[PDB]
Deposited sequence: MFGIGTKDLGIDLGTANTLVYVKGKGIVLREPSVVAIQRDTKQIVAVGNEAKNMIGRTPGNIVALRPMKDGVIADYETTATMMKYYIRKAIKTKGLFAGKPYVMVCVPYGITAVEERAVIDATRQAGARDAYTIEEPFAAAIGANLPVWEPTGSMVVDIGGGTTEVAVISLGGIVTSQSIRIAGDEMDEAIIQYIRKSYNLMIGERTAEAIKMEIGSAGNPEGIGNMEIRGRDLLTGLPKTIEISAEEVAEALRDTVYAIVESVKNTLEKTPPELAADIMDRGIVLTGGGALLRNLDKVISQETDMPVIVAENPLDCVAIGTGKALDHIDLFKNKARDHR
């Protein structure tokens, strides 16, 4: 059996050729404070912390100990399943020493051999763009920690860019806007809920208002206020600008013929971050190019990592 593993910032997905996305579990680990050892991974850690055994702490490795990686991979590989060949999705900006570290750890986790794929190429394969044709295609993968842009043609990446401004950074910007605007400190969970509920990249008209709670910075005491979609859009302006610039910087680095094909096919957005309302419209208006959101934007990467198992030669 061959496995494709997308160990995301918050969510891990395992794909087994044949069965498809067999596993969906949080990118979470549970570590004994005293033994300083990984006691559980994924749902097992969730259950552990959920049973509250004490002396356990829960951590998300996010963006890296070779041991944490190898242990995590050991759990997801065994739970999903004579040893497997594993395609591991990696961010675009990954160095070669890091990429070798992922392979050794995956090999230590129980893989015959391991191969890596850049998230943008996987996202493109999962979103059914014609990656193998000599036509140019563009994918924008906006996750939690990273936004990654790439142009693909003939089973390779022509040009690509990565930025650390993405879904998490949208939440931060909301938190910072409310800190400055209302002298109120909200947490991550509330910031995420605001982005999901009333967040938008632009045209916040009709999105609505939300009551939120946080810590007043003068008094230290909890406080409830009303936040508008208009304000949240402003709070996300610069974050959205940054994403638009990387798309434009990638086009400026694209050959004309491929740049001309993308103007016809359009740009595909993948990743949970791409669910920010009207981001597709904003990027389209600023690029003068069709922009669409992929059909299954949260599973594209994992599906692409799974389908990449059929051309394992290329990644070998």
- Counting from 1 along the deposited sequence, the ranges with no C-alpha atoms are 1-6, 70-73, 92-98, 334-340
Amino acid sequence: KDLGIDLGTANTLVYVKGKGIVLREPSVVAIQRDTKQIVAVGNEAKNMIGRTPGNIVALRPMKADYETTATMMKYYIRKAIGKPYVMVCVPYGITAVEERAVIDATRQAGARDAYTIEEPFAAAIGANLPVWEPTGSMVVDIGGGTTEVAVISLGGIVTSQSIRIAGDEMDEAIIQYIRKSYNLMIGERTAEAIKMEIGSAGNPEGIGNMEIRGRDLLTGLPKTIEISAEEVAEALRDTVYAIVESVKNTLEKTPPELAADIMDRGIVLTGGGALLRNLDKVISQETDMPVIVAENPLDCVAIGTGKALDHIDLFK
From here on, numbers count along this sequence of modelled residues.
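In this text, rigid core is short for the largest set of C-alphas that superpose within 1.5 Å between two forms.
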- Message: Stretch 92-100 versus stretch 140-148: after rigid core alignment, which one is farther off in C-alpha RMS in 4 other deposited structures of this protein?
- Response: 92-100
- Query: 49-57 versus 260-268: which one's CA atoms end up farther from this form in 4 other deposited structures of this protein after a core fit?
  - Reply: 49-57
- Item | 54-62 or 254-262, whichever carries the higher mean Cα B-factor | 54-62
- Message: Using only C-alpha atoms and the B-factors in the entry, which stretch averages higher, 106-114 or 229-237?
- Response: 106-114
- Query: Can you tell me which of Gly202, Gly187, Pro84, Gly167 has the highest Cα temperature factor in the record?
  - Reply: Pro84
- Among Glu133, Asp141, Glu172, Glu211, which residue carries the highest C-alpha B-factor recorded in the PDB entry? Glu133
- Item | Entry-reported Cα temperature factor of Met289, expressed as the chain third it lands in | middle
- Query: If you rank the chain by CA B-factor, which third does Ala242 end up in: lowest, middle or highest?
  - Reply: lowest
- Query: Taking the C-alpha B-factors as the PDB entry records them, is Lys36 in the lowest, middle or highest third of its chain?
  - Reply: highest
- Cα B factor band for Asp216 (lowest, middle or highest third within the chain): middle
- Query: Sorting the chain's CA B-factors, does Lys195 end up in the lowest, middle or highest third?
  - Reply: lowest
